[PDB]
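Undergrad: please find the sequence and an experimentally derived structure below.
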Amino acid sequence: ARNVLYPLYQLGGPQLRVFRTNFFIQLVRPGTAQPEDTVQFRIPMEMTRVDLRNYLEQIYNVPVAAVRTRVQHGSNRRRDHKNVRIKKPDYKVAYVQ
Amino acid sequence: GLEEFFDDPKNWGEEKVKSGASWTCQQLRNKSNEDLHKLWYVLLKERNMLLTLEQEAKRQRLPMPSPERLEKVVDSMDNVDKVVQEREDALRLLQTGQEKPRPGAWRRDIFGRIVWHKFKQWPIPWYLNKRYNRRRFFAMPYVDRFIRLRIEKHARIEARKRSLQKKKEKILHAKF
Amino acid sequence: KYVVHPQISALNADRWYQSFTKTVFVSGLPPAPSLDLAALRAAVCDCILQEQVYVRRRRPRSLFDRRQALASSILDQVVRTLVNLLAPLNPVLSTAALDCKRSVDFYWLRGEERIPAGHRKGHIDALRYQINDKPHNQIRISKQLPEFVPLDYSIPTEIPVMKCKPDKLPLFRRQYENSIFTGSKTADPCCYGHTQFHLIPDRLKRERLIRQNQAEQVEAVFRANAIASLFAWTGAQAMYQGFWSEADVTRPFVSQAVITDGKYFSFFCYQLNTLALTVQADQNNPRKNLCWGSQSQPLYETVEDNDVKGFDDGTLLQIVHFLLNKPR
Amino acid sequence: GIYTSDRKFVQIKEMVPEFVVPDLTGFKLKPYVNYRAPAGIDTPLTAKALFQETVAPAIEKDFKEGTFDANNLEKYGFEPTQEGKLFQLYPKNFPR
Amino acid sequence: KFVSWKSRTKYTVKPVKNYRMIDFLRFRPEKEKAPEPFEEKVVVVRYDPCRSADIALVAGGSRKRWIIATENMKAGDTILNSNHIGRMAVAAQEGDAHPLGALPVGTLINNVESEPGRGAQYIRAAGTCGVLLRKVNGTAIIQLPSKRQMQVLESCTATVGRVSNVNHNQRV
Amino acid sequence: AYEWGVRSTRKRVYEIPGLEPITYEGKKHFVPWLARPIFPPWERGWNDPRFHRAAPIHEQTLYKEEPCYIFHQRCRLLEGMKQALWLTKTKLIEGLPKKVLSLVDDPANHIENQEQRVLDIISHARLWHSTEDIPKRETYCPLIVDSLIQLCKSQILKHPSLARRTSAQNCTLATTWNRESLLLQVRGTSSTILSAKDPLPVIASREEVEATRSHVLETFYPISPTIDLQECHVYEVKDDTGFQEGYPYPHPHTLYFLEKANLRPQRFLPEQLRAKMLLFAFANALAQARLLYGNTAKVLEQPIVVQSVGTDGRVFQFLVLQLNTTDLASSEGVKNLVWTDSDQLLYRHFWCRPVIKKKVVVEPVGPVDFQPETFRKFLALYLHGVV
RNA sequence: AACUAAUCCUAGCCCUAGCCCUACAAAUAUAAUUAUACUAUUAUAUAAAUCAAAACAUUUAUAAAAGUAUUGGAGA
RNA sequence: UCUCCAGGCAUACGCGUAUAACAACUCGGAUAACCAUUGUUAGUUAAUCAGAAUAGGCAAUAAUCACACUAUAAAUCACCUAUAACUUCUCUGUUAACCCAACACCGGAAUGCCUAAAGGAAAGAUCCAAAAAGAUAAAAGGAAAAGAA
RNA sequence: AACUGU
């Protein structure tokens, strides 16, 4: 779930369960050379690597061994006709073994 | 599974993939609460697979087969959410009568405007929260000048649009 | 230069480490005075009971290091007592030097890489690696251990070759002082080694690894630590003798190490045959490093009341056999 | 998780969301619908419709029988408070 | 960004980041003592960066406290602090704290307080000595370094002897 | 007295009866135009350690009116030796026990190349052990003692009976006793305690123990015996020997203490170190007597002997203590006997790097004024009770 | 008949009349836009001067009766 | 491959995609080649590297290889006694030939290691004008060497 | 004084 408020948890509160997930992920061909088990994924910036492990293991029943994630800075050099800088949306690349 | 992230191997390389119309709101309403929850994931799974294919297509600089499929899924997902929300909204009013899921009230900002303030969850009460009290919900005396400008600005806006309309009317007279 | 952790959670790190070290890991042990075996069991059994049930000490504040702290205390007590009991049988133990949680460092070069971009784009630079290890305990002697196999020994097995770059597997490079250290300075008379003792952290212990689903990595963790620690320790010893990349060792350098998770115990033996790992120095080298390792085995089962249950003599016999070994 | 003193991270299991994935086996609904299937006119659900469908039949039966009183509003489905339910309508205590 | 540096809660003899907390109320009953005469030992004569005169560490019982050093104060000397008003002349050791009633007329004093309990505020500079011009019943006349003669109650504490650097006032 | 602290930083509608003034409580935020509400106590519903405050001492169930004075490692006695003797009701005999000196006189006890091995140990403990050019006392001081113990640890070959003792780490010793109606407690921990299956031989005969009645504890009036001790009102009566009951080695042989602080101001003076050893060593001896003979107050028929060694890595202090009586309530009567050896210098100074002036090595990399006798005294204590 | 150039009509505005007005999520005054505790939280005295009096000083506007009676370095 | 030159590499700070591949040849580099330009696509992976409970009790003695040894500019929480909590690995930073000076400005720009193994190129072509500037050389003499006041 | 294309 993204762009939403999660219920505040205090001692004795229920476990946080997301019955419907707003996180959307896409598998991308690795730009760099990676081990075959390693897989690249583009995921929302608010998702944690643990969530991806739970997401793949639960929704897709995919077993995961290790995860490495990076945040790519979007280029803002481009400008429009009005001289307003255009920013490429920042995305996170996840390396899932 | 990983195969679910990708389209049917047979469909790979095809110009398009045959797909029907998106779920309408009325049909989703007929479906049960449990059915609605399951359908959300089914639409979500298709949406993710289409997103994965589209991203690869952009990398390969190739056209996406049947792009309307993603649009249909998104519309169905949006229809599902409102139908579920409608049931949630109806029950909330019945049991509590509150017209908004989140506590809120109308408050005056430091600029003199009246805006709906959405309440936030805190572990301590407001009076024991100095930072929340530090937040200003009162208008300074100098805002009186701004209030007059707002009334004048609103009057000015009406004049400007009328002037804008007059210029458009010139086109009608000029053309005919 | 790449920073190498002797204990690491990286998947298949054992194969990657062997490629970086040019070491072949053969499964099992290297090819090959009564002391009342029962008496040692009682002595070791008492040592475990002393710390766990008899000693009185301030409770740790963290409450998480308690399990780790207990394992360190029992291991230290057992080792110290065992040396005295086995010292009369093996005079080497009397003259040996025991090191407690001291650092062993080795710096070696294997392979090369081409700069992909920047003001130095296209220039060729060597792949640098550094290993810093602090074995729980290690024994240093002034005489080389007996060789387990003649130098130039050849086996059909081939060292692993890594297709991807080292960085692709989690690994980061940093620029700092390069150090080669045997556990003591060159002035120390004990320039050779008897044995190393390693303690795996709780994160890599069997219980957490099984929960993490990396059950198969338990043996990999044992292999990676043994190969990295022994190679660095053995390589540093050879350098103390003046042997370097352009002057390869004339005599095989051999050492052994034991890695324990607190209950299970594993035994590893390493033989160093080549100090030439650079492209130029390794341009024409048929020799390779050979490592022998054994699976981890429990030493005892549980501590009940003031009597330990399930103590395994077989693991102790290997320690006794290892301790009794001496140069000929 | 929570960052406590000494700059140490301590993950809290309860605050970590758990993805409840329904079983799609036996579910007849798919991402798309037939063009052969006629579309249904949108009829958004409202409190009036919800009350009529669920609460009205009970009261109508009870009113004719005469077994109706103000004290038993909870009997017909009124909730005095949202506390005790995992999902509270107001204030909202669950994520989408 | 200005925060007062004189915010040390606990009195200590160790230099404070250095500043040494001086005590100008000489007769402050130390720990495990009644408000009766007590004695202290001059441990060391140190140098005070923030004052012209040199401070001598005076310690007694379980309390150690810095004080101003008199003309003849030296390391290892013994300093007495008495609240009792002597019926006869009280034995005077330079640096000792005694009521003006105890001392006889003509004795050089320093670190005097204008009002009982006020604390030493004058004759705190190097070479400054107060002369007891007159003594009658519960009132005494003390000449301050400004040459202003003031009359105070005998309860006020006076330290015998001149301040260190006896020739400070004679500087050219 | 000069006043410290800048003065800048120094510190209707309601009365109307039958009605309640309006307040911004409903607004949930402060506004100057509404009255300040009076808020009732807030209830969190759970306990937050970050905002929790400890309950007062007096409300504790363990609070006791009588003051219990606790002596710990950091405690520094104002009177030093004199206070320790009064608190422990012990009589001091100058020099180590005659038996202890005779231990090293045995040729078999003497180590082969003892001076050379000790010199190598000193060099190893100071320079070779670590990669740093000049290691600090915080590092080498623990190591030198262990290395010397290791050198003695090799003597088990000569004497198999030495296998009957082992050393434990971070053991805690504590006892509570009364002196002239004053409640005294000693708390000691850390270091290493060597324990053997058999009690150390008694140093003083029963006749000598009876003679101690003549000795009178020195007093330091008006300073109270409890000066420099931590006065505690919430305490428990406990006796600790460093091990749980049933330990195979119930008899403690030696009690070590290490002062590894690099800076001299951070290092306790030799007199204070011995005073700490006396109280800590006395507590361990007292704990053994109380366990064996109970909490009753009486002269011990079989005295208990305890040894303590304190060193900072350069200065070594050797202590031997014999507990003769547990009737410590009175200040007169049978008294314990303690043997003290102080200011045993292993070496005057050590250089971890060569001192070169004008291309001349003025000082070598080795101990200066090395005294092998200090190790012999250390060796004598370790071997005592076996040979 | 030539290159550089040039050509265009509305973009919109202005003055009166009329008219008072009452027009997503998420995050935010902490360091605004930082999903939960810190740290309590807060504007404003005649308007003056410039200017006019050719400087400058009291002074200097801001329906008819009538610019009359009056006031003013009786002067602007 | 040859000739020759000799501050290089990391981090901080700042910059914010200038990074890398491909495709273009119009604009930008004060010319080309080639890109630093134009368009498109890709990129920087961290449990180890870096950033993001409370109440009482009690403290005399610098460092300088710290020992001797002196000195003056005067130079370091801990640990005890109680109370409270009770099983944890997420988030963020990671590219570059890069910054402050209107500029691809002969300017300014901290720390650590090391001094060539790292890092580089003064020659757009031709002519050899005068005049001018810089550098080297001087027969005989020495105001037409480094010594004194 | 020497020194030198001053």
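TA: That came through, no problem. Residues are numbered from 1 along each chain as shown, chains lettered A, B, ... in the order given.
Undergrad: the residue most central in space within chain B: which element?
TA: Per C-alpha atoms, centre = their mean, the C-alpha nearest to the average position across chain B is that of residue B:78, at 9.9 Å. For residue B:78, the host element (DSSP states H and E) is helix B:68-95.
Undergrad: ok, now which ones touch the closest residue to RNA strand G within the stretch 151-300 of chain C?
TA: In the stretch 151-300 of chain C, the residue found nearest to RNA strand G is residue C:212; the distance is 24.7 Å by C-beta to the nearest atom of the strand. For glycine as for every other residue, the C-beta is placed from the backbone atoms N, C-alpha and C. Residue C:212 makes no contacts at all, as judged by C-beta atoms under 8 Å, 6 or more residues apart in numbering or on different chains.
Undergrad: let me see the contact set for the residue lying closest to residue B:115 once chain neighbours are set aside.
TA: Distance criterion C-beta to C-beta, 6 or more residues apart in numbering or on different chains; nearest residue to residue B:115, sequence neighbours excluded, is residue B:109 at 5.8 Å. Residues in contact with residue B:109 (C-beta under 8 Å, 6+ apart) are B:115, B:137, B:139.
Undergrad: what is the burial count for whichever residue of chain E sits closest to chain F?
TA: Closest to chain F within chain E is residue E:119: 2.4 Å, counting by C-beta to the nearest C-beta. Other residues near residue E:119 come to 19 when the count uses other C-beta atoms under 10 Å in any protein chain shown.
Undergrad: tell me who's in contact with the nearest residue to it once chain neighbours are set aside.
TA: Distance criterion C-beta to C-beta, 6+ apart; nearest residue to residue E:119, sequence neighbours excluded, is residue F:1 at 2.4 Å. Residues counted as contacts of residue F:1 (C-beta under 8 Å, 6+ apart) are E:23, E:24, E:25, E:113, E:118, E:119, E:120, E:121.
Undergrad: let's see 10 Å
TA: With contact set as C-beta atoms under 10 Å, 6 or more residues apart in numbering or on different chains, residue F:1 has these partners: E:22-26, E:28, E:111, E:113, E:117-121.
Undergrad: pull up the gap between the residue of the stretch 151-300 of chain C closest to RNA strand G and residue C:11, please.
TA: 11 Å (C-beta to C-beta, to the nearest Å).
Undergrad: what is in contact with those two at once?
TA: A:65, A:66.
Undergrad: does the closest residue to residue F:232 other than its chain neighbours lie in a helix or a strand, and which?
TA: Take residue F:232 and drop its neighbours on the chain: the residue closest to it by C-beta to C-beta, 6+ apart is residue F:68, 4.5 Å away. Using DSSP H and E, residue F:68 sits within strand F:63-71.
Undergrad: could you do residue F:284 as well?
TA: helix F:270-293.
Undergrad: tilt between that helix and strand F:63-71?
TA: Orientation of helix F:270-293 against strand F:63-71 (axes from the mean of the first three to the mean of the last three C-alpha atoms, to 10 degrees) gives an angle of 130 degrees.
Undergrad: from RNA strand H, how far off is the residue nearest to residue E:119?
TA: Residue F:1 sits 21 Å away from RNA strand H, taking C-beta to the nearest atom of the strand, to the nearest Å as the criterion.
Undergrad: residue F:163 and residue C:17, how far apart?
TA: For residue F:163, the distance to residue C:17 - C-beta to C-beta - is 41 Å.
Undergrad: okay, the two: which has more neighbours?
TA: Neighbours were counted for residue F:163 and for residue C:17 using other C-beta under 10 Å; residue C:17 has more, 26 against 13.
Undergrad: how about the contacts made by the more buried one?
TA: C:4, C:6, C:8, C:10, C:23, C:25, C:129, C:131, C:160, C:220, C:223-228, C:231.
Undergrad: can you narrow those to ones near chain A?
TA: Among the contacts of residue C:17, the residues that sit close to chain A (C-beta under 10 Å from any C-beta of the partner chain) are residue C:10.
Undergrad: quick check: closest non-adjacent residue to the spatially most central residue of chain A.
TA: By C-alpha atoms, centre = their mean, chain A has its centre lying nearest to residue A:43, at 2.5 Å. Nearest non-adjacent residue to residue A:43, counting by C-beta to C-beta, 6+ apart: residue A:25, 4.7 Å away.
Undergrad: give the contact list for the one you found.
TA: A:41-44, A:47, A:51-52, A:55-56, A:59-60, A:92, A:94, B:5, B:48, B:51-52.
Undergrad: phi and psi next, for it.
TA: As for residue A:25, its main-chain torsions (degrees, to the nearest 10) stand at phi -120, psi 150.
Undergrad: same question, residue B:37
TA: The phi/psi pair for residue B:37 (degrees, to the nearest 10) is phi -60, psi -40.
Undergrad: how close does it get to residue D:20?
TA: Taking C-beta to C-beta, one finds residue B:37 at 9 Å from residue D:20.
Undergrad: who has more neighbours, those two?
TA: For the pair residue B:37 and residue D:20, the greater number of neighbours falls to residue B:37 (16 against 13), based on other C-beta under 10 Å.
Undergrad: show me what contacts that one?
TA: Counted by C-beta under 10 Å, 6+ apart, residue B:37 has contacts A:19, A:20, B:31, B:80, B:84, D:20, D:22.
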